[PDB]
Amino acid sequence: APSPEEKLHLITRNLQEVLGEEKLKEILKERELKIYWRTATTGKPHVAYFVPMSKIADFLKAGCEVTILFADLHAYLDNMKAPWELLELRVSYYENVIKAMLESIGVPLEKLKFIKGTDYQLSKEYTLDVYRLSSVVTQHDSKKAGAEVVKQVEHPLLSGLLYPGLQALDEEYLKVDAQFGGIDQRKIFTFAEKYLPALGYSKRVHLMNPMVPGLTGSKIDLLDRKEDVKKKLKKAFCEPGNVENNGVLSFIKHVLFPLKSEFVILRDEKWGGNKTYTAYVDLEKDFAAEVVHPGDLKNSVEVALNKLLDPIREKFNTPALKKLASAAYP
């Protein structure tokens, strides 16, 4: 059972920024932290999705209650021509792939909750709060808050101005202590800290991951065959000695290293043989020194990534999920 300090470390490791450390520590002295993470359901998740998922896994390992919101209302509003059933098929795909990813990482799911936006974002009390918020929030602040998150468009739509407030109110309605997301959500998060108190609701802790450079880029799909994973990785950019901007090193730092707090580099005996790193900074140092070659770095990632993907591919080859995957993406 982790101490409050150990929980804090699991929760905050690899994050770019934490807002609300004071409250975060107060909570962890007494009880488990409750965390909300929002995901859109419009795309098709590729391996980059393991970056947020690795933090979700840390949260669960630390004993947190984690609520994942599947933003099905927004998915509908962003293309109302699409039928509610294909949209919900994609919601189901996301729910199942998230479960499979976390099972593969190896964390307890008892305190993981899935909720759909449509479950409550059209409810009476929530809607009244959306209106209350609209009566205190200036159009200027609404626009500013979504500047990095809302699609930049020809003539901006009214919906974009409403989105920051819905995401803030989610924190209250999901009854959480904190919201996690990427640092690109910072203005949405500061908006929530400013305006929730206007409605008599507490500001929340905010946990922000960095915007991590992609492993490749086509992209490696979560269900790509091992053959295609290999081929796509072979094409990945990875400059020798380059530690500042390196998608391969980033994937190790944020996804692979955290699994067991180690990473094995596969290397020919000629160049020193395999080495097991127990701190990421040690791997960074060797890569900068050019004694871990890009090809060996990529081979090491390929092996570990395929291990991570194996059980997911297995599960999605069952009749029910095989059908789901192809239907969700006809």
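The first residue of the sequence shown is number 1, and the count goes up from there.
(request) Between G217 and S218, determine how many residues of the deposited chain lack coordinates; answer none if the chain runs continuously, otherwise 1 to 3, 4 to 9, or 10 or more. (result) The entry has a gap there, with 4 to 9 residues left out between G217 and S218.
(request) Quick one: say whether 6-14 or 309-317 has the higher mean Cα B-factor in the deposited entry. (result) The stretch with the larger mean CA B-factor is 309-317.
(request) Between 190-198 and 84-92, point out the one with the higher average CA B-factor as the PDB entry records it. (result) The stretch with the larger average C-alpha B-factor is 84-92.
(request) Using the temperature factors in the entry, find which of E239, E172, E154, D72 has the highest value at its Cα atom. (result) Top of the list by C-alpha B-factor: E154.
(request) Return the residue from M208, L256, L162, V229 that has the highest Cα B-factor in the entry. (result) Of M208, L256, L162, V229, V229 has the highest C-alpha B-factor.
(request) Would you mind ranking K298 by its C-alpha B-factor against the rest of the chain and naming the third, lowest, middle or highest? (result) For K298, whose C-alpha B-factor we compare with every modelled residue in the chain, the answer is the middle third.
(request) Name the third of the chain's ranked CA B-factors that contains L223, choosing lowest, middle or highest. (result) Tercile = highest for this residue's CA B-factor.
(request) Select lowest, middle or highest to describe the third in which the CA B-factor of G106 falls within its chain in this entry. (result) According to the entry, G106 has a C-alpha B-factor in the chain's middle third.
(request) Please place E148 in the lowest, middle or highest third of its chain by C-alpha B factor as given in the entry. (result) Answer is highest: the recorded C-alpha B-factor places it there.
(message) Ranking the modelled residues of this chain by C-alpha B-factor as given in the entry, is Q185 in the lowest, middle or highest third?
(response) It falls in the middle third of the chain.
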